[PDB]
Amino acid sequence: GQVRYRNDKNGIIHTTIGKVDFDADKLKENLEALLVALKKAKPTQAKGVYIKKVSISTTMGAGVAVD
RNA sequence: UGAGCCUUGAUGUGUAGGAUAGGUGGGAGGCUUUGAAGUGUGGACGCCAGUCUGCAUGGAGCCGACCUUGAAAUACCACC
């Protein structure tokens, strides 16, 4: 399920990874694939930290960052 | 008396609208006998039309893509 969403003026961007039906390793590899496909287009005018904190969550989850 | 931090909140009428349209992960039923819609009343907000909570009442429904619409739900959890 390819997804293409846009960032806001503040710079907080998140896209779909899938429902809770996907298991842990699939979720982690999807996160890794999205992370690498996002960092591969790191612009030179993005000086500083590129990925700061991801607020991943579910229907009864809370936004916590990961590695 | 200035400055900051994990957390909980309050405010989000471009005009096309039931009317005070930020959006994203989740998302087409969450939430409500771990008591929801309707009443008198207090403070916050706002584009003086209107939103949230305390108090007592009621104690079982406002809300859905609802009809429109550039962006959809404040149907629900977290972010800013």
# chains A, B, ... in the order shown; residues from 1 in each chain; ligands from 1
call {"tool": "closest_atom_pairs", "arguments": {"of": "chain A", "to": "chain B", "cutoff": "6 Å", "atoms": "only C-alpha atoms (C1' of nucleotides)", "output": "JSON lines"}}
result
{"residue": "A:56", "atom": "CA", "partner": "B:25", "partner_atom": "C1'", "distance": 5.9}
{"residue": "A:57", "atom": "CA", "partner": "B:25", "partner_atom": "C1'", "distance": 5.9}
{"residue": "A:58", "atom": "CA", "partner": "B:26", "partner_atom": "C1'", "distance": 5.4}
{"residue": "A:59", "atom": "CA", "partner": "B:77", "partner_atom": "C1'", "distance": 5.5}
{"residue": "A:60", "atom": "CA", "partner": "B:77", "partner_atom": "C1'", "distance": 5.3}
{"residue": "A:62", "atom": "CA", "partner": "B:78", "partner_atom": "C1'", "distance": 4.9}
{"residue": "A:63", "atom": "CA", "partner": "B:78", "partner_atom": "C1'", "distance": 5.4}
call {"tool": "residues_around", "arguments": {"residues": "residue 73 in chain B", "least_positions_apart": "2", "cutoff": "9 Å", "atoms": "only C-alpha atoms (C1' of nucleotides)", "output": "list in words"}}
result
residues 21, 64 and 75 of chain B
call {"tool": "select_by_dssp", "arguments": {"residues": "chain A", "states": "helix (DSSP H, G or I)", "output": "list in words"}}
result
residues 24, 25, 26, 27, 28, 29, 30, 31, 32, 33, 34, 35, 36, 37, 38 and 39 of chain A
